[PDB]
């Protein structure tokens, strides 16, 4: 019931106290739809860099991972649920920046040039949302201290600034950078799953949060392992989508149809 009578009211501020906080409202209705036994065989891939921009994007991603794993100490001592959840918590904050700056920029460009966007913007905005829901999930499993909360704030200031100027200069670099980020994300999350299957990691967070159970349409029997599986699948999708988008830029197809709008 949304008609002229509601459109003619000044404010619905009076209604806020009587509307429930439902977990399904945290996202849009564009939810991933994975089948566990299929996404089980998501694999680790690597796209060869074409030239200088692609090499720059990859060297910057690899430099970032080597810094990050060494400073965060992921490498030494055994894997644990605590360092896994902690790691992902941090990185998922950054993860939702690229698609939002990308979509914002293609949006602005569509408006100032009065051009069609042909399905790109929505794909990058939903990507951004997807990563944000990754974050919403992990913060149900672990609430960070002040040091990590302060680091997250300053890391956002830097990555937003970087991603914004980089996308204005070279959308190709950004899409490729993201592509390469998701290559590493798929590696990390398959390391998580492998350590679970090998008993090196005995996860205890096996009451998958409600936010995630409705977002990924997971049953109440889904476990931590299943949740990481669907997150990893999401990452692989971003991996392909972004390398594809970078390729299109490389070929001067940035004003062509988003091929994923149909492949749907």
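Take the two forms, find the largest set of C-alpha atoms that superpose within 1.5 Å, and that set is the rigid core. Numbering follows the first chain given and starts at 1.
Colleague: Quick check: by Cα RMS after rigid core superposition, does 70 to 78 or 113 to 121 differ more from this form in 7 other deposited structures of this protein?
Modeller: Between the two stretches, 70 to 78 moves farther in 7 other deposited structures of this protein.
Colleague: Mean CA temperature factor from the deposited coordinates, higher in 159 to 167 or in 75 to 83?
Modeller: Taking the mean C-alpha B-factor of 75 to 83 and of 159 to 167, the larger value falls to 75 to 83.
Colleague: Taking the recorded C-alpha temperature factors, which stretch has the higher mean, 138 to 146 or 117 to 125?
Modeller: Looking at the record's C-alpha B-factors, the answer is 138 to 146.
Colleague: Which is it among 52, 236, 212, 230: the one with the largest CA B-factor in the entry?
Modeller: In this record, 52 carries the highest C-alpha B-factor of the candidates.
Colleague: Among all modelled residues of this chain, ranked by Cα B factor, put residue 107 in the bottom, middle or top third, i.e. lowest, middle or highest.
Modeller: Its C-alpha B-factor, which the entry lists for residue 107, ranks in the lowest third among residues of this chain.
Colleague: Taking the C-alpha B-factors as the PDB entry records them, is residue 194 in the lowest, middle or highest third of its chain?
Modeller: Highest third, going by the recorded CA B-factors of the chain.
Colleague: Compared with the other modelled residues in the chain, in which third is the CA B-factor of residue 58?
Modeller: Answer is middle: the recorded C-alpha B-factor places it there.
Colleague: What third of the chain, by the recorded C-alpha B-factor, contains residue 261?
Modeller: It belongs to the highest third of the chain when residues are ordered by C-alpha B-factor.
Colleague: Residue 243: which third of its chain by C-alpha temperature factor?
Modeller: Ranked within chain, residue 243 CA B lands in the lowest tercile.
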